[PDB]
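One structure below.
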Protein chains: 2
Amino acid sequence: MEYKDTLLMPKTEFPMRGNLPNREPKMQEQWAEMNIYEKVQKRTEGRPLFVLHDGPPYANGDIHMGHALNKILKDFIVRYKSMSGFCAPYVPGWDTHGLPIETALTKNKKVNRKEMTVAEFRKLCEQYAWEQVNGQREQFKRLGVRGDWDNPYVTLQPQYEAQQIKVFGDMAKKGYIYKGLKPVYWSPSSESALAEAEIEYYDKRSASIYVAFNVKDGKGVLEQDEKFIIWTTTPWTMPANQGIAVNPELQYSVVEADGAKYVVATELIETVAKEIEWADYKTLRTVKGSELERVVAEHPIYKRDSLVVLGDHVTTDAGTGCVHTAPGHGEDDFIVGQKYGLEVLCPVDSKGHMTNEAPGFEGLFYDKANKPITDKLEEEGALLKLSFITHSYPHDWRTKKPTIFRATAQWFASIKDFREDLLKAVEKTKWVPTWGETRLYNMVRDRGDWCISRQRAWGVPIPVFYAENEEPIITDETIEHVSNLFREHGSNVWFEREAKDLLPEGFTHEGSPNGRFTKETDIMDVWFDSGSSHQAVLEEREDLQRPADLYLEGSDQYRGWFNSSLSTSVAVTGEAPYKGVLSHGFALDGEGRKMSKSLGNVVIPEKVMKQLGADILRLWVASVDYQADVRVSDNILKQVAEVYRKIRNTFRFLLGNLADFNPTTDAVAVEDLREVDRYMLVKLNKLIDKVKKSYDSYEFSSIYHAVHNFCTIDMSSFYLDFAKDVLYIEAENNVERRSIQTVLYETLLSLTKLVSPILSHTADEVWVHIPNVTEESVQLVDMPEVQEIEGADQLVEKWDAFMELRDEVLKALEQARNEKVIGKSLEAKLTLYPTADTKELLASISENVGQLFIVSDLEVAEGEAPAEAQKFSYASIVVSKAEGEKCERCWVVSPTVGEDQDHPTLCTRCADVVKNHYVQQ
Amino acid sequence: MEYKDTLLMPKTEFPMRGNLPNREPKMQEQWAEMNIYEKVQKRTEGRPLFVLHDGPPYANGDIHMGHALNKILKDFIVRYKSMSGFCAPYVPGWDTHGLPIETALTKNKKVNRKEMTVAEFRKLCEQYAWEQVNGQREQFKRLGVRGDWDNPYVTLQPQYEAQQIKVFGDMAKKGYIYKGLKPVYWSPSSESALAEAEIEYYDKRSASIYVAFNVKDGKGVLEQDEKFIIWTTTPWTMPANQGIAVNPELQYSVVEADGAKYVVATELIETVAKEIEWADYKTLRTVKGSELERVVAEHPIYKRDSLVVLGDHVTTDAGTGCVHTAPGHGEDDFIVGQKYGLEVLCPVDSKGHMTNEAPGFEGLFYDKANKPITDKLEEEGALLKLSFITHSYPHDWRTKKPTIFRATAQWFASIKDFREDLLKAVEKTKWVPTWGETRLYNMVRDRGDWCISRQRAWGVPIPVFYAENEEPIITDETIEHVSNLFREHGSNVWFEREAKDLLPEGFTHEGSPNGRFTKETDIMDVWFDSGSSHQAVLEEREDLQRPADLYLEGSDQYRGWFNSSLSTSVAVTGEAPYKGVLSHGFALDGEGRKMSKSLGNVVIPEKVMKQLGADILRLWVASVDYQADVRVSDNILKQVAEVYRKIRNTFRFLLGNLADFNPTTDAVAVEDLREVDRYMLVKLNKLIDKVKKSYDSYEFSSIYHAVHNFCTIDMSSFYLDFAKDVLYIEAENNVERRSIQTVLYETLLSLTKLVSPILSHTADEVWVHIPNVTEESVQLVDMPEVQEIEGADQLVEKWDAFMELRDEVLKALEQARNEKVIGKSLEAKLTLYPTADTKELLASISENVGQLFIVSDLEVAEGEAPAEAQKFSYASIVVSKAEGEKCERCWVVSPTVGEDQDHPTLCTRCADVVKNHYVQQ
Ligand SMILES: C/C(=C\C(=O)OCCCCCCCCC(=O)O)C[C@@H]1OC[C@H](C[C@@H]2O[C@H]2[C@@H](C)[C@H](C)O)[C@@H](O)[C@H]1O
Ligand SMILES: C/C(=C\C(=O)OCCCCCCCCC(=O)O)C[C@@H]1OC[C@H](C[C@@H]2O[C@H]2[C@@H](C)[C@H](C)O)[C@@H](O)[C@H]1O
Ligand SMILES: [Cl-]
Ligand SMILES: [Cl-]
Ligand SMILES: [Cl-]
Ligand SMILES: [Cl-]
Ligand code: NA
Ligand code: NA
Ligand code: NA
Ligand SMILES: [Zn+2]
Ligand SMILES: [Zn+2]
């Protein structure tokens with residue numbers, strides 16, 4: 001069809017389809033060639049600092065959806081702050097110590113820790129961590145996250161290790177760090193101790209046994225015919241037994257059951273009667289618990305003496321009232337054991353095997369030793385009832401294997417001494433979400449003492465020496481000298497040098513007469529490694545500072561990084577390491593379930609960027625309420641990708657219709673342009689404030705919907721459809737067109753900046769094509785600032801009413817189309833019977849209201865109720881087919897067609913345009 | 001002949017605009033005359049029984065959103081079951097006994113109880129209660145909820161009271177009912193005892209004091225110059241002190257602080273030192289709490305003995321380690337008080353005023369007595385610290401005024417004697433959400449005995465007689481006789497006649513040799529009234545049975561109706577009253593804040609029904625995940641109205657285009673149906689399966705989204721989009737048109753039946769206009785069943801690919817019109833450059849794909865795609881202007897237009913249709 005060449009069609013090299021999986025890597029390569037992170041940090045050099053301290057992810061395996069969610073949220077804030085008058089350094093980190101690196105390394109080539117020196121094994125661990133760090137670094141940078149990826153912090157760095165030593169020493173000189181014997185969580189699979197924060201409770205099968213302890217010395221309160229009934233679910237602790245615990249205040253009874261005399265707490269007589277399946281049980285004598293103290297009983301197996309002891313831990317809620325007591329396993333057994341001087345017998349190997357202190361079961365795994373023990377109890381007749389019951393049991397954090405209690409000398413951290421200062425730090429830090437304040441406050445007050453000793457090789461050694469008299473040596477001189485050595489040669493010097501070589505020259509200890517010294521071989525828990533980041537990173541580096549403004553990790557870090565960082569920082573500095581905390585939820589599937597490999601519901605970040613691209617994944621992050629748990633799936637991302645497509649088309653339209661627009665000259669003053677064009681500018685400015693405030697308040701979901709509605713409803717539904725009849729049909733320098741292009745140019749420039757934090761790849765793609773831009777990247781400009789328009793309030797009042805009318809005419813047009821009256825709006829004549837208020841609104845409008853409704857004919861009658869034709873709130877509307885022939889250029893139905901023999905198929909406007917602007921009269 | 005007169009436009013009496021506020025009442029009047037509930041119950045009288053027992057709402061005021069949510073949720077299940085092969089009797093209830101109704105007549109109306117008897121006053125209470133029942137009944141009926149509204153149950157009914165008396169008697173017979181002197185919640189405003197279910201915790205500002213108790217005799221452990229420090233926020237409990245409670249296994253230290261020696265717990269010394277603001281405090285000695293048992297302390301005011309007592313309840317979490325023990329104002333104080341034989345002193349009366357047992361403070365309100373006590377304490381030199389704090393405090397359920405603890409003789413139900421049976425009953429019940437099992441399991445395990453006696457007038461009497469020896473009389477003979485009298489005369493007979501006339505004719509009790517008897521005046525707890533509804537309704541009504549299938553109430557009923565109904569039912573029957581329980585959350589506003597008259601964020605069902613209609617509110621209930629707290633505002637409902645309009649438009653299209661369709665003659669069998677038509681039937685069968693399975697799982701939001709998507713993307717956007725061309729233009733008996741009408745008629749029947757439980761008003765509105773229908777209402781038919789379609793897997797495999805192709809085609813068409821290439825899809829030629837798979841798909845479709853794309857021309861090219869082509873996954877598409885002339889009838893652009901000289905403006909198809917069917921026969 002002719003006259004198609006006489007239209008000003010959109011023209012832009014910005015493609016309709018982004019092809020993000022193949023385009024984004026080019027953008028990322030171009031960003032790196034720019035050194036964009038250095039450019040932004042140098043442009044904002046003289047700006048108030050905003051420091052978001054990166055929590056160190058563990059350097060093992062590929063990044064999961066939680067890693068992408070965490071890093072993308074951080075990237076949003078750092079990018080926004082870099083464009084809002086702040087200097088926003090970002091130093092990503094990595095946690096590179098602990099058991100997981102050791103276990104993965106061992107089976108990588110079936111290498112063994114016993115075939116290599118500890119120093120050699122650690123060096124391979126360091127190599128493995130660096131390989132994992134590099135893999136995660138390139139995956140993170142594929143997400144589009146900007147940062148100092150070439151100068152990260154890793155916990156294996158000698159400078160990091162040295163600073164961690166100082167943090168340990170400061171807590172040591174303040175009395176917070178102490179050593180002592182205590183039953184602690186132990187993982188036989190890991191052959192090292194654990195902590196309550198490292199223990200998860202899972203259900204397991206256990207043997208519930210009722211054992212009989214026959215009395216040896218009744219001490220005038222019991223006879224020898226009577227026996228004590230203990231109940232335990234851990235038969236492997238029986239070889240460690242040292243006594244029977246009874247509650248002093250509780251009343252105990254002697255029971256005649258099945259021809260035997262049994263001692264059981266009175267309140268649990270019938271409960272035990274059901275369990276042991278007694279027949280005709282009679283109560284003989286009732287006694288008080290304090291009477292039973294120091295009564296001598298006999299161990300069923302070894303026939304040694306068990307001392308009846310008084311303890312509060314005895315409860316009538318579950319059991320027999322008489323509690324088997326072994327100080328080696330169980331803390332409540334230990335406290336009462338030390339009260340009476342009972343021996344701390346712990347006959348379990350570091351690998352879970354019974355040692356020489358358990359005759360008849362030596363060299364057996366404890367779970368495999370339960371049956372020989374229960375059999376031995378039956379042989380002597382001490383076994384009363386055996387029933388297997390499933391119950392909650394402590395388990396290892398990663399190996400998911402059961403953990404037992406062993407009485408071993410470890411190192412601990414006393415939160416109690418400075419617990420008040422922790423509380424003041426909990427309230428002084430802003431918490432988003434708000435309930436996090438209560439979560440950490442209850443954690444601090446209910447906290448016990450933090451065990452910090454691990455019997456592993458890969459980690460930071462405990463910088464403690466021992467003299468000849470076996471006394472711990474922790475002075476400020478020793479801590480400082482160790483820290484300097486770790487700074488110079490790393491933590492491996494602790495395992496390749498003698499203890500005398502790790503102390504200052506000429507070091508003398510009053511407990512060491514011959515100058516002989518020994519060194520601790522334990523290492524710190526990795527929660528101490530990651531918790532010292534505020535000292536080794538925030539305060540060590542020039543580009544950062546302490547406290548950091550923000551700490552952004554998941555909700556699982558209230559027990560971890562949020563807690564460990566506070567404990568060390570308050571201990572050493574007296575204040576919190578963060579000015580505020582932001583917490584996000586976990587990533588779930590579409591069904592709302594946790595992702596697991598067995599179910600196959602895991603969404604891999606690598607596959608999302610291979611199939612959809614990073615920008616979509618970031619747009620998903622902005623679309624969800626991160627502060628609670630979120631969902632993501634193939635269908636959920638497809639919905640986001642459709643939204644991203646709508647936004648991208650909005651950008652392409654702006655660029656396409658600005659191809660002939662010079663912002664330096666062709667721009668129209670806001671006063672001089674039209675009201676409807678000025679109305680869109682006000683809406684743009686309303687959008688600018690909402691997005692910036694939503695960025696400030698960290699409400700990114702609001703940004704997601706605000707831009708989505710602006711692109712779909714405000715721009716494409718009304719303004720872009722309305723602008724087609726001017727941008728395409730009218731002359732290039734038509735005053736109405738230049739006013740439209742001016743609003744489009746303003747909309748394009750501001751919207752590109754607004755979405756730069758989130759759609760980082762697309763924003764720079766749009767930015768290059770924007771006319772009259774003089775910066776390399778949109779990241780190098782500040783956010784748009786709201787401008788107030790003269791008479792904005794009156795302008796909004798008038799045109800908000802017009803939009804109400806426009807919605808009503810749109811419904812009427814849709815109904816008319818459904819009744820086969822018109823195929824499109826241009827084929828329609830709209831006659832309006834309005835209210836007097838509606839009429840005065842239409843008289844105040846100087847624009848072609850028919851063109852604003854995209855119709856060929858608009859009539860406002862003098863006033864007469866029609867024959868029941870589309871009654872609406874503002875007016876009654878009749879939709880008629882327009883009269884005349886259709887112009888072959890703008891497809892309007894007007895009688896003006898054919899009034900000029902030159903171009904006899906065109907209307908007056910289109911004939912003039914070709915005559916005067918393509919032929920020039 | 002006008003060409004528009006030759007189009008088969010839709011014709012139906014179903015209005016486009018619902019006008020639900022003005023038309024739903026007419027529907028409800030039509031239901032009322034039908035006796036639709038009676039008809040449904042009779043139609044299904046042989047069907048198996050499903051019982052959803054209605055929880056009785058209090059009849060005091062208008063219904064709120066929680067009520068509307070509850071009933072509509074109940075109405076969903078009862079309606080669905082009645083259509084799913086069950087008999088579903090729904091019997092609404094009302095709780096009519098209670099203090100709020102008693103208070104309203106006393107205060108709001110001009111009723112003085114001096115002028116009338118108690119029985120006459122209760123008659124007024126019944127009259128006021130009935131008015132509220134009638135008011136709520138109409139409001140509930142306006143929601144559209146079906147049920148036996150004309151024969152409901154109320155707690156004041158003589159039969160209801162007769163069975164409640166039976167419940168008391170059976171529990172009393174089993175020994176679960178007793179009268180005892182124990183501390184209970186007491187409301188001074190109501191002058192009555194209370195229960196934790198009738199307690200609301202509010203913030204209260206009280207005075208926090210620290211009081212020194214001098215030591216009278218240290219018994220070799222303490223010294224005469226040493227003192228106990230106690231902490232309390234209730235100074236009015238000081239006159240009732242009897243001793244100092246300590247924890248037997250906590251360590252207590254004698255601390256000399258600012259020239260005074262005090263006894264506090266070791267772990268609380270620093271906390272105490274901060275509150276009293278001690279300057280110099282030193283720990284002198286240390287003893288365990290067990291050693292302090294014999295110590296006798298001095299009461300600060302009255303100088304009487306204060307026995308140090310040992311108690312497990314004494315905690316180190318707040319105040320000092322020493323708690324002042326008043327057995328008459330606390331549960332834990334009473335337990336230890338009985339252990340040591342302490343006097344149960346309650347110097348406060350039922351009106352909250354200090355009695356003579358508190359010399360120096362007699363006649364004062366407890367709040368007004370705190371200041372004199374603290375002043376006297378300071379004058380005696382025992383007040384170490386006075387502070388004012390704000391903390392959560394128990395308040396009255398009705399008056400919203402703070403309560404106190406008073407030791408009084410009340411009636412209790414001993415849960416402890418059958419708590420094992422309750423817990424087993426909880427585990428044999430299904431809970432949705434599942435966590436509701438944990439809530440009741442923990443509540444039953446951790447609860448005390450239930451105080452069931454109230455000192456009010458409006459409620460069921462406690463059916464106990466007392467003899468001359470003042471011993472209680474509860475026998476099966478007396479309980480049945482009272483129950484018979486209550487069934488024939490009502491509960492007022494207890495307040496009208498005397499005790500002798502309330503006993504059996506010949507009654508002999510050894511405790512009344514003279515024959516004189518007395519009757520208890522206390523009434524039952526309103527929770528007992530509601531908690532007996534299983535015996536008083538399910539076992540009494542012959543259309544119901546016990547156990548009920550389902551209890552459906554809010555999350556506030558785990559302590560309320562669910563617990564009390566379980567407690568009475570398990571006591572009397574040994575089983576739970578319900579097979580399963582469904583819990584819903586509370587209704588919030590758009591921001592998620594609780595509704596409040598202060599904020600003005602309350603959504604009133606009465607207004608919603610007057611401005612939007614019940615069906616919108618019913619549609620919102622299905623729209624939310626009711627099993628947790630939900631949100632609703634005017635904007636939220638307006639969003640739901642948009643969804644309703646789409647659904648109503650879908651129904652209006654089906655009715656309009658089935659005007660000429662008679663199923664008896666014009667139906668096309670599935671074998672003779674087209675593939676795309678059978679493909680729609682396959683998708684319809686999938687809708688049937690998911691919707692019915694979602695009703696069975698109580699997952700209504702699934703039905704909400706499934707129906708919305710089916711009407712919008714599967715029907716309005718896809719099937720109805722190309723059905724218009726056949727339906728409006730082709731001949732009436734055209735087989736393609738009949739095939740579409742067959743699918744529409746099948747969908748119209750299934751859709752109306754599926755949505756009947758939710759959009760009840762609109763489903764019956766559509767059902768009347770459905771062609772060739774015999775049943776009076778949609779409620780009187782069963783749900784549609786899923787029928788297999790041959791080749792469904794192959795049908796879905798193909799046409800799903802076609803649907804995805806069409807969406808890409810639609811995206812291409814939308815882009816073309818935005819570039820002024822076309823104005824309408826009918827003005828376009830589609831040129832497709834398909835992939836290899838797409839080429840196969842388009843060859844396997846026997847239908848006119850160009851017709852299915854609503855275009856005038858389609859061309860699948862074999863050449864390379866041009867550079868300007870729109871790239872997509874399935875194909876590269878070029879949208880051009882269709883060649884030819886537009887047909888005046890069907891608006892298609894074909895070269896065949898202008899061939900028929902009899903119809904110069906018609907294409908070949910339209911010209912033949914007019915000539916063979918509209919000009920001729
Ligand atoms: C919300 C989270 C995971 C998630 O949402 O994961 C959901 C996706 C899991 C997919 C399943 C994986 C396959 C295994 C299976 O079978 O299940 C937790 C967050 O992770 C990111 C960050 C991890 C950093 O290391 C932590 C630092 C702070 C500490 C000092 O060490 C941190 O912010 C963390 O809190
Ligand atoms: C989910 C609920 C309220 C809600 O969601 O409230 C939302 C609306 C609150 C309106 C507040 C108005 C402003 C007040 C202000 O000023 O603050 C609670 C449920 O209610 C329905 C039913 C009530 C029946 O009587 C209960 C029975 C079972 C018992 C035996 O008596 C029951 O299911 C109940 O559990
Ligand atoms: Cl503004
Ligand atoms: Cl004219
Ligand atoms: Cl209760
Ligand atoms: Cl279920
Ligand atoms: Na600033
Ligand atoms: Na609008
Ligand atoms: Na209790
Ligand atoms: Zn024109
Ligand atoms: Zn035609």
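Chain lettering (A, B, ...) mirrors the order of the structure tokens, residue numbering begins at 1 for each chain separately, and ligand numbering begins at 1 in order of display.
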
Requested in this report: May I ask you to write as a VMD selection string all residues lying at most 12 Å from ligand 10, with only C-alpha atoms and all ligand atoms counted?
Outcome: chain A and resid 3 to 4 6 to 7 725 to 726 728 to 730 826 856 885 to 899 903 to 914

Requested in this report: Could you give me, as a list in words, the residues within 9 Å of stretch 584-596 of chain A, counting only C-alpha atoms and dropping anything in the same chain fewer than 5 positions from it?
Outcome: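 The neighbour list is residues 65, 66, 69, 70, 432, 433, 552, 553, 554, 555, 556, 601, 602, 603, 625, 626, 627, 628, 629, 630, 631, 632, 633, 634, 635 and 636 of chain A.
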
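Selection of all polymer residues within 10 Å of ligand 7 on the basis of only C-alpha atoms and all ligand atoms gives residues 47, 48, 49, 81, 83, 84, 85, 86 and 87 of chain A.
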
Dump N, CA and C atoms for the selected residues as a PDB file, in the first residue's frame?
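For reference, part30.pdb as written:
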ATOM      1  N   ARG A  47      31.624  11.574  48.844  1.00  0.00           N
ATOM      2  CA  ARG A  47      30.231  11.404  49.216  1.00  0.00           C
ATOM      3  C   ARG A  47      30.126  10.644  50.528  1.00  0.00           C
ATOM      4  N   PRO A  48      29.062  10.881  51.296  1.00  0.00           N
ATOM      5  CA  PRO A  48      28.889  10.151  52.558  1.00  0.00           C
ATOM      6  C   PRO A  48      28.864   8.647  52.329  1.00  0.00           C
ATOM      7  N   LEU A  49      29.563   7.925  53.200  1.00  0.00           N
ATOM      8  CA  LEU A  49      29.736   6.491  53.020  1.00  0.00           C
ATOM      9  C   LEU A  49      28.448   5.732  53.306  1.00  0.00           C
ATOM     10  N   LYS A  81      22.324   3.514  46.158  1.00  0.00           N
ATOM     11  CA  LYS A  81      23.059   4.458  46.991  1.00  0.00           C
ATOM     12  C   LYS A  81      24.148   5.162  46.192  1.00  0.00           C
ATOM     13  N   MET A  83      23.871   6.142  43.311  1.00  0.00           N
ATOM     14  CA  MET A  83      23.194   7.115  42.465  1.00  0.00           C
ATOM     15  C   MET A  83      22.352   8.101  43.265  1.00  0.00           C
ATOM     16  N   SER A  84      22.468   8.098  44.596  1.00  0.00           N
ATOM     17  CA  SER A  84      21.633   8.935  45.452  1.00  0.00           C
ATOM     18  C   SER A  84      22.469   9.779  46.407  1.00  0.00           C
ATOM     19  N   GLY A  85      23.685  10.138  46.006  1.00  0.00           N
ATOM     20  CA  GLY A  85      24.529  10.972  46.835  1.00  0.00           C
ATOM     21  C   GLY A  85      25.348  10.243  47.872  1.00  0.00           C
ATOM     22  N   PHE A  86      25.569   8.942  47.708  1.00  0.00           N
ATOM     23  CA  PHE A  86      26.370   8.159  48.635  1.00  0.00           C
ATOM     24  C   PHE A  86      27.548   7.524  47.911  1.00  0.00           C
ATOM     25  N   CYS A  87      28.619   7.286  48.660  1.00  0.00           N
ATOM     26  CA  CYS A  87      29.708   6.426  48.220  1.00  0.00           C
ATOM     27  C   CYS A  87      29.452   5.039  48.792  1.00  0.00           C
TER      28      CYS A  87
END

Query raised in the report: Residues of chain A within 7 Å of chain B, using only C-alpha atoms, as a ChimeraX atom specification?
Result: /A:9,312,823-824

Requested in this report: Excluding residue A:531 and residues on its chain fewer than 3 positions from it, collect all residues at most 7 Å away from it, counting only C-alpha atoms, and give them as number ranges by chain.
Outcome: A: 527-528, 561, 564-565, 568

Please dump the current selection as an mmCIF file, in the first residue's frame; keep N, CA, C and O atoms.
data_model
loop_
_atom_site.group_PDB
_atom_site.id
_atom_site.type_symbol
_atom_site.label_atom_id
_atom_site.label_comp_id
_atom_site.auth_asym_id
_atom_site.auth_seq_id
_atom_site.Cartn_x
_atom_site.Cartn_y
_atom_site.Cartn_z
ATOM 1 N N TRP A 527 32.322 -19.964 62.876
ATOM 2 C CA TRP A 527 31.486 -18.836 63.269
ATOM 3 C C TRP A 527 32.318 -17.727 63.898
ATOM 4 O O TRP A 527 31.928 -16.555 63.848
ATOM 5 N N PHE A 528 33.459 -18.079 64.494
ATOM 6 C CA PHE A 528 34.404 -17.061 64.936
ATOM 7 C C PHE A 528 35.143 -16.442 63.757
ATOM 8 O O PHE A 528 35.487 -15.255 63.797
ATOM 9 N N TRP A 561 25.591 -15.384 61.727
ATOM 10 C CA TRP A 561 26.444 -14.227 61.471
ATOM 11 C C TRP A 561 25.940 -12.987 62.199
ATOM 12 O O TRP A 561 26.739 -12.207 62.729
ATOM 13 N N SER A 564 26.997 -13.943 65.927
ATOM 14 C CA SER A 564 28.431 -14.031 66.185
ATOM 15 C C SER A 564 29.117 -12.685 65.985
ATOM 16 O O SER A 564 30.029 -12.331 66.741
ATOM 17 N N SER A 565 28.698 -11.922 64.970
ATOM 18 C CA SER A 565 29.296 -10.610 64.741
ATOM 19 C C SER A 565 29.036 -9.673 65.913
ATOM 20 O O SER A 565 29.923 -8.910 66.317
ATOM 21 N N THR A 568 31.366 -10.657 69.144
ATOM 22 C CA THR A 568 32.766 -10.247 69.106
ATOM 23 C C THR A 568 32.901 -8.730 69.115
ATOM 24 O O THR A 568 33.782 -8.186 69.790
#

Query raised in the report: Cα RMSD of chain B on chain A, all Cα atoms paired in order, least-squares fit?
Result: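 The C-alpha RMSD comes out at 1.8 Å.
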
**Report entry** Interatomic distance, atom CA of residue A:514 to atom CA of residue A:482 (Å, one decimal)
**Finding:**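 Straight-line distance from atom CA of residue A:514 to atom CA of residue A:482 works out to 21.9 Å.
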
Requested in this report: Run DSSP on the backbone of this structure and report the residues of stretch 144-320 of chain A it assigns to strand (DSSP E), as an MDAnalysis selection string.
Outcome: chainID A and resid 153:154 177:187 192:193 199:217 226:232 243:246 251:257 260:265 282:288 296:298 305:310

**Report entry** Exercise: residue B:212 partners within 7 Å, only C-alpha atoms, chain neighbours under 6 positions left out, as a list in words
**Finding:** residues 227, 228, 229, 230, 382, 383 and 384 of chain B

Query - Non-local contacts of stretch 605-615 of chain A (6 Å; only C-alpha atoms; under 6 positions in same chain excluded) as a count of residues only - result: 5

Requested in this report: Extract the full set of helix (DSSP H, G or I) residues from stretch 198-424 of chain A according to DSSP on the backbone, and format it as a VMD selection string.
Outcome: chain A and resid 198 235 to 240 266 to 275 289 to 292 331 to 340 366 to 379 416 to 424

Requested in this report: Find the spatial neighbours of residue A:793, counting only C-alpha atoms, within a cut-off of 12 Å - ignore same-chain residues fewer than 4 positions away - and output them as a list in words.
Outcome: residues 678, 679, 682, 683, 686, 788, 789, 797, 798, 799 and 800 of chain A

Would you save the residues from that selection as a tab-separated table (two decimals), in the first residue's frame, using N, CA and C atoms?
chain	number	residue	atom	x	y	z
A	678	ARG	N	1.69	17.68	29.62
A	678	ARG	CA	2.11	18.08	30.96
A	678	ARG	C	1.56	17.13	32.02
A	679	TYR	N	0.38	16.57	31.78
A	679	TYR	CA	-0.21	15.62	32.72
A	679	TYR	C	0.66	14.38	32.86
A	682	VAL	N	3.68	15.12	35.06
A	682	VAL	CA	3.36	15.06	36.48
A	682	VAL	C	3.33	13.61	36.96
A	683	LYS	N	2.70	12.73	36.19
A	683	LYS	CA	2.65	11.31	36.56
A	683	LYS	C	4.05	10.72	36.59
A	686	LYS	N	5.45	11.92	39.82
A	686	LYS	CA	4.88	11.12	40.90
A	686	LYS	C	5.55	9.76	40.97
A	788	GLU	N	8.74	20.24	40.04
A	788	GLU	CA	7.35	20.63	40.20
A	788	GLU	C	6.90	21.42	38.98
A	789	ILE	N	5.69	21.13	38.51
A	789	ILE	CA	5.13	21.74	37.32
A	789	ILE	C	4.13	22.81	37.75
A	797	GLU	N	-6.30	17.58	38.77
A	797	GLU	CA	-7.73	17.52	39.04
A	797	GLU	C	-8.54	17.39	37.76
A	798	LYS	N	-8.19	18.19	36.74
A	798	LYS	CA	-8.94	18.16	35.49
A	798	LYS	C	-8.78	16.82	34.77
A	799	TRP	N	-7.53	16.37	34.60
A	799	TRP	CA	-7.27	15.21	33.77
A	799	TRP	C	-7.48	13.88	34.49
A	800	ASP	N	-7.51	13.88	35.83
A	800	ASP	CA	-7.98	12.69	36.53
A	800	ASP	C	-9.46	12.45	36.24

Report task. Check every protein, DNA and RNA residue against ligand 9, keep those with an atom at most 10 Å away (counting only C-alpha atoms and all ligand atoms), and present them as a list in words. Result -> residues 331, 332, 335, 416, 445, 446, 447, 448 and 449 of chain B

Report task. Residues within 12 Å of ligand 3, counting only C-alpha atoms and all ligand atoms: report them as a PyMOL selection string. Result -> chain A and resi 681-693+785-789+792-793+796
